$ cat data_27.csv   # CSV, C-alpha atoms (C1' of nucleotides)
chain,number,residue,atom,x,y,z
A,1,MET,CA,291.9,150.7,103.9
A,2,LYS,CA,295.0,149.7,101.8
A,3,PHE,CA,294.6,149.2,98.1
A,4,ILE,CA,296.6,146.9,95.7
A,5,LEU,CA,297.1,148.0,92.1
A,6,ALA,CA,297.5,145.3,89.3
A,7,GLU,CA,298.6,142.7,91.9
A,8,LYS,CA,301.9,144.6,91.9
A,9,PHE,CA,301.8,147.9,93.8
A,10,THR,CA,300.3,148.6,97.3
A,11,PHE,CA,299.2,152.0,98.4
A,12,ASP,CA,297.2,153.6,101.2
A,13,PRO,CA,295.2,156.8,100.9
A,14,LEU,CA,295.9,157.7,104.6
A,15,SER,CA,299.7,157.6,104.7
A,16,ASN,CA,300.6,158.1,101.0
A,17,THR,CA,303.1,155.3,100.6
A,18,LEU,CA,303.8,153.0,97.6
A,19,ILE,CA,305.3,149.5,97.9
A,20,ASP,CA,306.4,147.5,94.9
A,21,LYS,CA,306.3,143.7,95.5
A,22,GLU,CA,309.2,143.2,93.0
A,23,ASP,CA,311.4,145.5,95.2
A,24,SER,CA,309.9,145.3,98.7
A,25,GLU,CA,313.0,147.0,100.2
A,26,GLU,CA,312.5,150.3,98.4
A,27,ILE,CA,309.5,152.3,99.5
A,28,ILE,CA,308.2,154.7,96.8
A,29,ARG,CA,307.5,158.3,97.9
A,30,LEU,CA,304.7,160.1,96.2
A,31,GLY,CA,303.4,163.7,96.4
A,32,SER,CA,300.1,164.4,98.1
A,33,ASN,CA,298.3,165.7,94.9
A,34,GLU,CA,299.2,162.6,92.7
A,35,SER,CA,298.4,160.3,95.6
A,36,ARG,CA,295.0,161.8,96.1
A,37,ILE,CA,294.4,161.7,92.3
A,38,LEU,CA,295.2,157.9,92.2
A,39,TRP,CA,293.0,157.3,95.3
A,40,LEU,CA,290.1,159.1,93.6
A,41,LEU,CA,290.7,157.0,90.5
A,42,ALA,CA,290.7,153.8,92.7
A,43,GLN,CA,287.5,154.9,94.4
A,44,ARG,CA,285.7,154.6,91.0
A,45,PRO,CA,287.0,151.3,89.6
A,46,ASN,CA,287.6,151.4,85.9
A,47,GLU,CA,285.2,154.0,84.5
A,48,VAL,CA,285.9,157.4,83.1
A,49,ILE,CA,286.1,160.4,85.5
A,50,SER,CA,286.0,163.9,84.2
A,51,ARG,CA,289.1,166.2,84.3
A,52,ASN,CA,286.9,169.0,85.6
A,53,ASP,CA,285.3,166.9,88.4
A,54,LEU,CA,288.5,165.2,89.5
A,55,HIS,CA,290.4,168.5,89.4
A,56,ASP,CA,287.8,170.3,91.5
A,57,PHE,CA,287.5,167.4,94.0
A,58,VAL,CA,291.2,167.2,94.4
A,59,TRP,CA,292.1,170.9,94.7
A,60,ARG,CA,289.0,172.8,96.0
A,61,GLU,CA,289.0,170.7,99.2
A,62,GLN,CA,292.6,171.8,99.5
A,63,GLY,CA,291.1,175.4,99.7
A,64,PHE,CA,293.1,176.9,96.8
A,65,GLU,CA,292.6,177.2,93.0
A,66,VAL,CA,295.2,176.3,90.4
A,67,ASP,CA,295.2,176.1,86.6
A,68,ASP,CA,294.6,172.9,84.7
A,69,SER,CA,298.2,172.4,83.7
A,70,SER,CA,298.7,171.3,87.3
A,71,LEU,CA,296.6,168.2,86.8
A,72,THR,CA,298.5,167.3,83.6
A,73,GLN,CA,301.8,167.7,85.4
A,74,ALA,CA,300.6,165.6,88.4
A,75,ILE,CA,299.5,162.8,86.1
A,76,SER,CA,302.8,163.0,84.3
A,77,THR,CA,304.7,162.5,87.6
A,78,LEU,CA,302.3,159.7,88.6
A,79,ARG,CA,303.0,157.8,85.3
A,80,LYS,CA,306.7,158.5,85.6
A,81,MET,CA,307.2,157.4,89.2
A,82,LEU,CA,304.9,154.3,88.8
A,83,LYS,CA,307.1,153.5,85.7
A,84,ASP,CA,303.9,153.0,83.8
A,85,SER,CA,304.2,153.0,80.0
A,86,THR,CA,304.7,156.3,78.3
A,87,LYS,CA,301.6,156.1,76.1
A,88,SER,CA,300.4,152.5,76.2
A,89,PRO,CA,297.4,151.7,78.4
A,90,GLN,CA,299.0,149.5,81.1
A,91,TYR,CA,298.0,151.2,84.4
A,92,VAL,CA,296.8,154.8,83.9
A,93,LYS,CA,295.8,156.5,80.6
A,94,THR,CA,294.1,159.6,79.4
A,95,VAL,CA,290.8,159.5,77.3
A,96,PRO,CA,290.6,162.7,75.3
A,97,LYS,CA,287.5,165.0,75.7
A,98,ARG,CA,286.3,162.6,78.4
A,99,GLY,CA,288.9,162.5,81.2
A,100,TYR,CA,291.2,160.0,82.8
A,101,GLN,CA,291.3,156.2,83.1
A,102,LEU,CA,292.9,153.6,85.3
A,103,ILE,CA,293.6,150.0,84.1
A,104,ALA,CA,295.3,148.5,87.3
A,105,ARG,CA,293.2,146.2,89.3
A,106,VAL,CA,291.7,147.1,92.7
A,107,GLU,CA,292.4,144.8,95.7
A,108,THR,CA,291.3,146.1,99.1
A,109,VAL,CA,293.6,144.7,101.8
A,110,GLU,CA,291.2,145.6,104.6
B,1,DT,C1',240.4,119.8,-77.5
B,2,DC,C1',235.5,121.0,-76.1
B,3,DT,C1',231.6,121.0,-72.4
B,4,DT,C1',230.5,120.8,-67.5
B,5,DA,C1',230.7,120.5,-62.8
B,6,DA,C1',233.2,121.9,-58.6
B,7,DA,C1',235.9,125.7,-56.0
B,8,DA,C1',236.7,130.3,-54.2
B,9,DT,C1',236.0,135.3,-53.6
B,10,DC,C1',233.4,139.2,-52.9
B,11,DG,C1',236.6,147.2,-48.1
B,12,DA,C1',237.3,149.0,-43.6
B,13,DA,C1',236.0,150.4,-39.0
B,14,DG,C1',231.5,151.1,-35.7
B,15,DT,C1',227.7,148.1,-33.9
B,16,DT,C1',226.3,143.6,-32.8
B,17,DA,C1',224.2,140.6,-26.5
B,18,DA,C1',219.9,133.6,-26.6
B,19,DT,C1',215.5,130.7,-27.0
B,20,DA,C1',211.0,128.6,-26.6
B,21,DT,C1',207.5,120.7,-30.5
B,22,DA,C1',208.3,115.8,-29.3
B,23,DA,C1',207.1,104.8,-20.6
B,24,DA,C1',207.2,102.5,-16.3
B,25,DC,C1',208.9,99.7,-12.4
B,26,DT,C1',212.4,97.2,-9.6
B,27,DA,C1',216.7,95.9,-7.6
B,28,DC,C1',221.2,97.1,-6.2
B,29,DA,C1',225.5,99.5,-5.3
B,30,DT,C1',227.7,104.0,-4.5
B,31,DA,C1',228.3,108.6,-3.1
B,32,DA,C1',227.0,112.3,0.0
B,33,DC,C1',225.6,114.4,4.5
B,34,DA,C1',225.5,114.5,9.4
B,35,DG,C1',227.2,113.3,14.1
B,36,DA,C1',231.1,112.3,17.4
B,37,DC,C1',235.7,111.5,18.9
B,38,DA,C1',240.6,112.1,19.3
B,39,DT,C1',244.7,114.8,17.9
B,40,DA,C1',247.7,118.4,16.6
B,41,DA,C1',248.1,123.2,17.2
B,42,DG,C1',247.4,127.3,20.2
B,43,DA,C1',246.8,130.3,24.0
B,44,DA,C1',247.2,131.9,29.0
B,45,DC,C1',249.3,131.7,33.7
B,46,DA,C1',253.0,131.0,36.5
B,47,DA,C1',257.9,130.1,37.5
B,48,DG,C1',263.3,130.1,37.1
B,49,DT,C1',267.6,132.5,35.6
B,50,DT,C1',270.7,135.8,34.1
B,51,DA,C1',271.9,140.4,33.8
B,52,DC,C1',272.0,145.4,34.2
B,53,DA,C1',270.7,149.7,36.2
B,54,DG,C1',270.2,153.2,40.4
B,55,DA,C1',270.8,155.1,43.8
B,56,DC,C1',272.8,154.2,48.5
B,57,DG,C1',276.7,152.9,51.3
B,58,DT,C1',281.9,151.8,51.8
B,59,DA,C1',286.7,153.2,51.6
B,60,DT,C1',290.5,156.5,49.9
B,61,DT,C1',292.0,161.2,50.5
B,62,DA,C1',292.8,165.9,52.1
B,63,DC,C1',292.2,168.5,56.2
B,64,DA,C1',290.1,172.2,60.7
B,65,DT,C1',290.3,172.6,65.1
B,66,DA,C1',291.1,171.7,69.8
B,67,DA,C1',293.4,169.1,73.7
B,68,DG,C1',297.9,167.5,75.4
B,69,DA,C1',303.0,167.6,75.8
B,70,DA,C1',307.7,169.5,75.3
B,71,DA,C1',310.6,173.5,75.5
B,72,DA,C1',312.4,178.1,76.0
B,73,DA,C1',312.3,182.1,78.6
B,74,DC,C1',311.4,184.6,82.9
B,75,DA,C1',311.2,185.8,87.8
B,76,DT,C1',312.7,184.6,92.4
B,77,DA,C1',315.4,182.8,96.3
B,78,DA,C1',319.8,181.2,98.2

$ encode --input "data_27.csv" --output "structure tokens"
Amino acid sequence: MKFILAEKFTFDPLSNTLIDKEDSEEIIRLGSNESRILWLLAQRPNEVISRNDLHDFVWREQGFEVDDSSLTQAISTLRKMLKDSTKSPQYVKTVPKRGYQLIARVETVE
DNA sequence: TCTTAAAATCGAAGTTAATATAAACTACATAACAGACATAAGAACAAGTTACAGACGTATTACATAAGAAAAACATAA
């Protein structure tokens, strides 16, 4: 099932591709970790998910354990490549002591 | 001017506490006493208002600590 974010971006959890409607010619390439994080965020529309729970769901299924700086770096790359605002709540933000939040709308293509 | 009648005086204090006999009836107007009512003064209960106090609740100020991000240094592979 393909998902649409904020009526602008399109992404699929199965092939890890990003398409911007403003520039449909340029496909945006994302890493597996950040793509899985964004898909986990999209699976729970617009409510807080824990850093601990999201981290353990993303990386223990991978079979290997990493430190918590990895999640922060992955989110930094996600915000940078999506060209989301540096600290304003436009698409993805961080809620301290509670976890991570998404603002972009969810539109399932199929 | 020589009798002769009036007039006046006669110690202080202290004490010193009443008497005491002797026409009737009628008519009228006025004052006084008693009862009741209304009025001015008074008291009690409740309400409005205007303010100040008392402790609680708000905003100004100075931070402790922990999560997140940037950066410098290090180890490793080409």

$ closest_residue --input "data_27.csv" --among "A:33, A:73, A:28, A:38" --to "residue 70 of chain B" --atoms "all atoms listed in the file"
A:73

$ closest_atom_pairs --input "data_27.csv" --of "chain B" --to "chain A" --cutoff "12 Å" --atoms "all atoms listed in the file" --output "tab-separated table"
residue	atom	partner	partner_atom	distance
B:66	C1'	A:97	CA	9.6
B:67	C1'	A:96	CA	7.2
B:68	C1'	A:72	CA	8.2
B:69	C1'	A:72	CA	9.0
B:70	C1'	A:73	CA	11.8

$ write_last_selection --input "data_27.csv" --atoms "C-alpha atoms (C1' of nucleotides)" --output "tab-separated table (two decimals), in the frame of the given file"
chain	number	residue	atom	x	y	z
B	66	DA	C1'	291.10	171.70	69.80
B	67	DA	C1'	293.40	169.10	73.70
B	68	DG	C1'	297.90	167.50	75.40
B	69	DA	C1'	303.00	167.60	75.80
B	70	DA	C1'	307.70	169.50	75.30

$ residues_around --input "data_27.csv" --residues "residue 110 of chain A" --least-positions-apart "3" --cutoff "10 Å" --atoms "all atoms listed in the file" --output "JSON, numbers by chain"
{"A": [1, 2, 3, 107]}

$ closest_residue --input "data_27.csv" --among "A:26, A:47, A:53, A:34" --to "residue 70 of chain A" --atoms "all atoms listed in the file"
A:34

$ atom_distance --input "data_27.csv" --atom1 "atom CA of residue 108 of chain A" --atom2 "atom CA of residue 19 of chain A"
14.5 Å

$ atom_distance --input "data_27.csv" --atom1 "atom CA of residue 63 of chain A" --atom2 "atom CA of residue 37 of chain A"
15.9 Å

$ atom_distance --input "data_27.csv" --atom1 "atom CA of residue 71 of chain A" --atom2 "atom CA of residue 46 of chain A"
19.1 Å

$ residues_around --input "data_27.csv" --residues "residue 39 of chain A" --least-positions-apart "4" --cutoff "7 Å" --atoms "all atoms listed in the file" --output "VMD selection string"
chain A and resid 13 35 43

$ decode --input "data_27.csv" --residues "segment 18-61 of chain B" --atoms "N, CA and C atoms (P, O5', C5', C4', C3', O3' and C1' of nucleotides)" --output "tab-separated table (two decimals), in the first residue's frame"
chain	number	residue	atom	x	y	z
B	18	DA	P	-43.94	73.52	122.07
B	18	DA	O5'	-45.03	74.68	122.27
B	18	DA	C5'	-46.40	74.35	122.36
B	18	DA	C4'	-47.25	75.61	122.33
B	18	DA	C3'	-48.74	75.35	122.41
B	18	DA	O3'	-49.42	76.54	122.75
B	18	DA	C1'	-48.11	75.86	120.17
B	19	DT	P	-49.52	77.00	124.29
B	19	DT	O5'	-50.70	78.09	124.28
B	19	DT	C5'	-52.06	77.68	124.19
B	19	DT	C4'	-52.53	77.63	122.75
B	19	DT	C3'	-54.04	77.59	122.56
B	19	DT	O3'	-54.39	78.09	121.28
B	19	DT	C1'	-53.13	75.54	121.87
B	20	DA	P	-55.80	78.82	121.05
B	20	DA	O5'	-56.89	77.67	121.30
B	20	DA	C5'	-57.65	77.66	122.50
B	20	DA	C4'	-58.33	76.31	122.69
B	20	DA	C3'	-58.99	76.13	124.05
B	20	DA	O3'	-60.35	76.66	124.06
B	20	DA	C1'	-57.72	74.18	123.43
B	21	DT	P	-61.36	76.47	122.81
B	21	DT	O5'	-62.71	77.15	123.32
B	21	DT	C5'	-63.52	76.53	124.31
B	21	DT	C4'	-64.95	77.05	124.26
B	21	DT	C3'	-65.42	77.56	122.90
B	21	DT	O3'	-66.78	77.21	122.71
B	21	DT	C1'	-65.67	79.26	124.47
B	22	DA	P	-67.27	76.49	121.36
B	22	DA	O5'	-68.49	77.39	120.87
B	22	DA	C5'	-69.59	77.61	121.74
B	22	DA	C4'	-70.14	79.01	121.54
B	22	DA	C3'	-70.48	79.37	120.10
B	22	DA	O3'	-71.74	80.04	120.04
B	22	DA	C1'	-68.97	80.96	121.00
B	23	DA	P	-75.11	80.23	114.36
B	23	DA	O5'	-76.27	79.44	113.61
B	23	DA	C5'	-77.30	78.81	114.36
B	23	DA	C4'	-78.36	78.23	113.44
B	23	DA	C3'	-77.89	77.09	112.54
B	23	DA	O3'	-78.83	76.03	112.56
B	23	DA	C1'	-78.85	78.83	111.23
B	24	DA	P	-78.52	74.65	111.82
B	24	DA	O5'	-79.38	74.74	110.48
B	24	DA	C5'	-80.76	75.07	110.55
B	24	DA	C4'	-81.32	75.35	109.18
B	24	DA	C3'	-80.85	74.39	108.09
B	24	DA	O3'	-81.91	73.53	107.72
B	24	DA	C1'	-80.87	76.69	107.35
B	25	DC	P	-81.70	72.40	106.59
B	25	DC	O5'	-82.19	73.11	105.25
B	25	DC	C5'	-83.44	73.79	105.24
B	25	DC	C4'	-83.67	74.47	103.91
B	25	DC	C3'	-83.30	73.62	102.69
B	25	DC	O3'	-84.37	73.64	101.76
B	25	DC	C1'	-82.25	75.74	102.56
B	26	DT	P	-84.38	72.63	100.52
B	26	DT	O5'	-84.15	73.59	99.26
B	26	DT	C5'	-84.83	74.83	99.19
B	26	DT	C4'	-84.33	75.66	98.03
B	26	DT	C3'	-83.87	74.85	96.81
B	26	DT	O3'	-84.40	75.41	95.64
B	26	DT	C1'	-82.18	76.35	97.46
B	27	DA	P	-84.60	74.51	94.32
B	27	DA	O5'	-83.86	75.35	93.18
B	27	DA	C5'	-84.06	76.76	93.10
B	27	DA	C4'	-82.85	77.44	92.49
B	27	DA	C3'	-82.22	76.69	91.32
B	27	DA	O3'	-82.18	77.53	90.18
B	27	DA	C1'	-80.56	77.32	92.92
B	28	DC	P	-81.85	76.92	88.74
B	28	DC	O5'	-80.35	77.42	88.47
B	28	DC	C5'	-80.01	78.77	88.73
B	28	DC	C4'	-78.51	78.95	88.79
B	28	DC	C3'	-77.73	78.26	87.67
B	28	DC	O3'	-76.84	79.18	87.08
B	28	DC	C1'	-76.80	77.71	89.77
B	29	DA	P	-76.53	79.12	85.50
B	29	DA	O5'	-74.94	79.31	85.43
B	29	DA	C5'	-74.32	80.30	86.22
B	29	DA	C4'	-73.02	79.80	86.81
B	29	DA	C3'	-72.03	79.22	85.80
B	29	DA	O3'	-70.77	79.84	85.98
B	29	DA	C1'	-72.31	77.73	87.61
B	30	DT	P	-69.65	79.77	84.82
B	30	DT	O5'	-68.39	79.14	85.58
B	30	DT	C5'	-68.15	79.48	86.93
B	30	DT	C4'	-67.35	78.39	87.63
B	30	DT	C3'	-66.27	77.74	86.77
B	30	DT	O3'	-65.05	77.70	87.48
B	30	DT	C1'	-67.60	76.09	87.78
B	31	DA	P	-63.65	77.66	86.70
B	31	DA	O5'	-62.82	76.53	87.48
B	31	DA	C5'	-62.84	76.51	88.90
B	31	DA	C4'	-62.83	75.08	89.42
B	31	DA	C3'	-61.72	74.20	88.85
B	31	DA	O3'	-61.03	73.55	89.91
B	31	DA	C1'	-63.82	73.12	88.64
B	32	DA	P	-59.58	72.91	89.67
B	32	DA	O5'	-59.82	71.35	89.93
B	32	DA	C5'	-60.55	70.93	91.08
B	32	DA	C4'	-61.05	69.51	90.91
B	32	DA	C3'	-60.03	68.54	90.31
B	32	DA	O3'	-60.03	67.33	91.05
B	32	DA	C1'	-62.04	68.47	89.08
B	33	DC	P	-58.77	66.34	90.98
B	33	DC	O5'	-59.42	64.93	90.58
B	33	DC	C5'	-60.63	64.51	91.20
B	33	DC	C4'	-61.33	63.45	90.36
B	33	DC	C3'	-60.39	62.44	89.70
B	33	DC	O3'	-60.96	61.14	89.80
B	33	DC	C1'	-61.74	63.45	88.07
B	34	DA	P	-60.03	59.83	89.67
B	34	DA	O5'	-60.70	59.01	88.47
B	34	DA	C5'	-62.09	58.76	88.48
B	34	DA	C4'	-62.59	58.47	87.07
B	34	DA	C3'	-61.68	57.55	86.25
B	34	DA	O3'	-62.46	56.53	85.65
B	34	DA	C1'	-62.14	59.55	85.05
B	35	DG	P	-61.75	55.17	85.14
B	35	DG	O5'	-62.15	55.10	83.60
B	35	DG	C5'	-63.49	55.33	83.21
B	35	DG	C4'	-63.56	55.74	81.75
B	35	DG	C3'	-62.64	54.95	80.82
B	35	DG	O3'	-63.38	54.44	79.72
B	35	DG	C1'	-62.36	57.28	80.48
B	36	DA	P	-62.74	53.34	78.74
B	36	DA	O5'	-62.45	54.16	77.40
B	36	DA	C5'	-63.47	54.99	76.86
B	36	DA	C4'	-62.94	55.79	75.68
B	36	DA	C3'	-62.01	55.02	74.75
B	36	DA	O3'	-62.32	55.33	73.40
B	36	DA	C1'	-60.93	56.97	75.53
B	37	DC	P	-61.83	54.39	72.20
B	37	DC	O5'	-61.16	55.43	71.18
B	37	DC	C5'	-61.78	56.69	70.97
B	37	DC	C4'	-60.77	57.71	70.48
B	37	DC	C3'	-59.71	57.16	69.52
B	37	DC	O3'	-59.52	58.06	68.45
B	37	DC	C1'	-58.66	58.23	71.32
B	38	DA	P	-59.22	57.53	66.97
B	38	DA	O5'	-58.07	58.50	66.45
B	38	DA	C5'	-58.22	59.90	66.60
B	38	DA	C4'	-56.90	60.55	67.00
B	38	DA	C3'	-55.73	60.25	66.07
B	38	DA	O3'	-55.03	61.45	65.79
B	38	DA	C1'	-55.14	59.78	68.30
B	39	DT	P	-54.11	61.58	64.48
B	39	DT	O5'	-52.76	62.20	65.05
B	39	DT	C5'	-52.81	63.17	66.09
B	39	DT	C4'	-51.49	63.21	66.85
B	39	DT	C3'	-50.25	62.94	66.00
B	39	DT	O3'	-49.22	63.83	66.35
B	39	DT	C1'	-50.28	61.50	67.84
B	40	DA	P	-48.25	64.44	65.23
B	40	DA	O5'	-46.85	64.59	65.98
B	40	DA	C5'	-46.80	65.19	67.27
B	40	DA	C4'	-45.92	64.39	68.21
B	40	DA	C3'	-44.51	64.11	67.69
B	40	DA	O3'	-43.56	64.48	68.67
B	40	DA	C1'	-45.54	62.10	68.43
B	41	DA	P	-42.00	64.58	68.29
B	41	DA	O5'	-41.35	63.34	69.06
B	41	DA	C5'	-41.59	63.16	70.45
B	41	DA	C4'	-41.31	61.73	70.87
B	41	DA	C3'	-39.94	61.18	70.47
B	41	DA	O3'	-39.22	60.79	71.63
B	41	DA	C1'	-41.67	59.63	69.97
B	42	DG	P	-37.74	60.18	71.51
B	42	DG	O5'	-37.98	58.61	71.44
B	42	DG	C5'	-38.81	57.99	72.40
B	42	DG	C4'	-38.86	56.49	72.18
B	42	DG	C3'	-37.53	55.87	71.74
B	42	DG	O3'	-37.21	54.78	72.59
B	42	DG	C1'	-39.30	55.14	70.36
B	43	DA	P	-35.72	54.20	72.65
B	43	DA	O5'	-35.90	52.66	72.26
B	43	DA	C5'	-36.95	51.91	72.85
B	43	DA	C4'	-37.36	50.76	71.95
B	43	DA	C3'	-36.20	49.93	71.39
B	43	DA	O3'	-36.39	48.56	71.72
B	43	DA	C1'	-37.73	50.52	69.67
B	44	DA	P	-35.14	47.56	71.75
B	44	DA	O5'	-35.46	46.52	70.58
B	44	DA	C5'	-36.73	45.88	70.53
B	44	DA	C4'	-37.00	45.32	69.14
B	44	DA	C3'	-35.82	44.59	68.50
B	44	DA	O3'	-36.25	43.31	68.05
B	44	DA	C1'	-36.69	46.20	67.01
B	45	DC	P	-35.17	42.20	67.61
B	45	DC	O5'	-35.44	42.01	66.05
B	45	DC	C5'	-36.78	41.94	65.57
B	45	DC	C4'	-36.80	42.04	64.05
B	45	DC	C3'	-35.62	41.37	63.35
B	45	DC	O3'	-36.08	40.57	62.27
B	45	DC	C1'	-35.84	43.62	62.64
B	46	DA	P	-35.09	39.53	61.56
B	46	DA	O5'	-34.85	40.18	60.11
B	46	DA	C5'	-35.96	40.52	59.31
B	46	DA	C4'	-35.59	41.57	58.28
B	46	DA	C3'	-34.38	41.21	57.40
B	46	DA	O3'	-34.77	41.22	56.03
B	46	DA	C1'	-34.21	43.43	58.23
B	47	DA	P	-33.83	40.54	54.91
B	47	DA	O5'	-33.31	41.79	54.06
B	47	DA	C5'	-34.25	42.69	53.49
B	47	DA	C4'	-33.58	43.99	53.10
B	47	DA	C3'	-32.32	43.83	52.24
B	47	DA	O3'	-32.39	44.69	51.11
B	47	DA	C1'	-31.88	45.24	54.08
B	48	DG	P	-31.59	44.33	49.77
B	48	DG	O5'	-30.62	45.58	49.55
B	48	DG	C5'	-31.18	46.86	49.31
B	48	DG	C4'	-30.13	47.95	49.51
B	48	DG	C3'	-28.83	47.75	48.73
B	48	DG	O3'	-28.38	49.01	48.23
B	48	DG	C1'	-28.35	48.00	50.99
B	49	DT	P	-27.40	49.08	46.96
B	49	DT	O5'	-26.31	50.17	47.38
B	49	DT	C5'	-26.39	50.79	48.66
B	49	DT	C4'	-25.02	51.27	49.12
B	49	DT	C3'	-23.85	50.79	48.26
B	49	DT	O3'	-22.75	51.65	48.48
B	49	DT	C1'	-23.58	49.93	50.35
B	50	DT	P	-22.37	52.81	47.44
B	50	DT	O5'	-21.07	53.46	48.10
B	50	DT	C5'	-21.02	53.65	49.52
B	50	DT	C4'	-19.80	52.99	50.13
B	50	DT	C3'	-18.71	52.57	49.14
B	50	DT	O3'	-17.60	53.46	49.26
B	50	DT	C1'	-19.05	50.96	50.90
B	51	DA	P	-16.16	53.08	48.65
B	51	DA	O5'	-15.46	52.26	49.83
B	51	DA	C5'	-15.57	52.72	51.17
B	51	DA	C4'	-14.86	51.79	52.13
B	51	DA	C3'	-13.45	51.36	51.69
B	51	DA	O3'	-12.51	51.75	52.68
B	51	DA	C1'	-14.74	49.49	52.43
B	52	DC	P	-10.94	51.70	52.38
B	52	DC	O5'	-10.41	50.55	53.35
B	52	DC	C5'	-10.85	50.52	54.70
B	52	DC	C4'	-10.64	49.15	55.31
B	52	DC	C3'	-9.26	48.54	55.06
B	52	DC	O3'	-8.76	47.97	56.25
B	52	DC	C1'	-10.94	47.02	54.41
B	53	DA	P	-7.22	47.54	56.37
B	53	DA	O5'	-7.29	45.99	56.77
B	53	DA	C5'	-8.08	45.60	57.89
B	53	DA	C4'	-8.42	44.11	57.85
B	53	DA	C3'	-7.24	43.16	57.72
B	53	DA	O3'	-7.55	41.98	58.41
B	53	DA	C1'	-8.66	42.86	55.89
B	54	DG	P	-6.41	41.18	59.21
B	54	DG	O5'	-6.69	39.66	58.82
B	54	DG	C5'	-7.64	39.36	57.81
B	54	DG	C4'	-7.47	37.94	57.32
B	54	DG	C3'	-6.05	37.43	57.35
B	54	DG	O3'	-6.05	36.02	57.27
B	54	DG	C1'	-6.67	37.86	55.13
B	55	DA	P	-5.00	35.15	58.13
B	55	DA	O5'	-4.79	33.84	57.24
B	55	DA	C5'	-5.91	33.19	56.68
B	55	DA	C4'	-5.87	33.23	55.16
B	55	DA	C3'	-4.72	32.45	54.52
B	55	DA	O3'	-5.23	31.24	53.96
B	55	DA	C1'	-5.13	34.55	53.43
B	56	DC	P	-4.26	30.17	53.27
B	56	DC	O5'	-4.64	30.27	51.72
B	56	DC	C5'	-6.00	30.17	51.33
B	56	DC	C4'	-6.22	30.75	49.94
B	56	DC	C3'	-5.49	30.02	48.82
B	56	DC	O3'	-6.36	29.86	47.71
B	56	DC	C1'	-4.95	32.32	48.78
B	57	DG	P	-6.01	28.81	46.54
B	57	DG	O5'	-5.63	29.74	45.30
B	57	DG	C5'	-6.51	30.78	44.90
B	57	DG	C4'	-5.84	31.71	43.91
B	57	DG	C3'	-5.00	31.02	42.83
B	57	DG	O3'	-5.16	31.71	41.59
B	57	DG	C1'	-3.65	32.53	44.01
B	58	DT	P	-4.69	31.05	40.21
B	58	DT	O5'	-3.77	32.17	39.55
B	58	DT	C5'	-4.32	33.46	39.28
B	58	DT	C4'	-3.23	34.48	39.05
B	58	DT	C3'	-2.17	34.10	38.00
B	58	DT	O3'	-2.07	35.14	37.03
B	58	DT	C1'	-1.15	34.91	39.96
B	59	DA	P	-1.15	34.95	35.73
B	59	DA	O5'	0.14	35.85	36.03
B	59	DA	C5'	-0.01	37.24	36.31
B	59	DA	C4'	1.31	37.86	36.71
B	59	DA	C3'	2.44	37.70	35.69
B	59	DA	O3'	3.26	38.86	35.69
B	59	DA	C1'	3.04	36.63	37.71
B	60	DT	P	4.33	39.10	34.51
B	60	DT	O5'	5.73	39.20	35.28
B	60	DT	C5'	5.95	40.25	36.20
B	60	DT	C4'	7.19	39.99	37.04
B	60	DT	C3'	8.47	39.71	36.24
B	60	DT	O3'	9.50	40.60	36.65
B	60	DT	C1'	8.17	38.08	37.94
B	61	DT	P	10.90	40.63	35.88
B	61	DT	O5'	11.78	39.53	36.64
B	61	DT	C5'	11.95	39.62	38.05
B	61	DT	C4'	12.70	38.41	38.58
B	61	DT	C3'	13.86	37.93	37.70
B	61	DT	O3'	15.09	38.30	38.29
B	61	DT	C1'	12.59	36.13	38.69
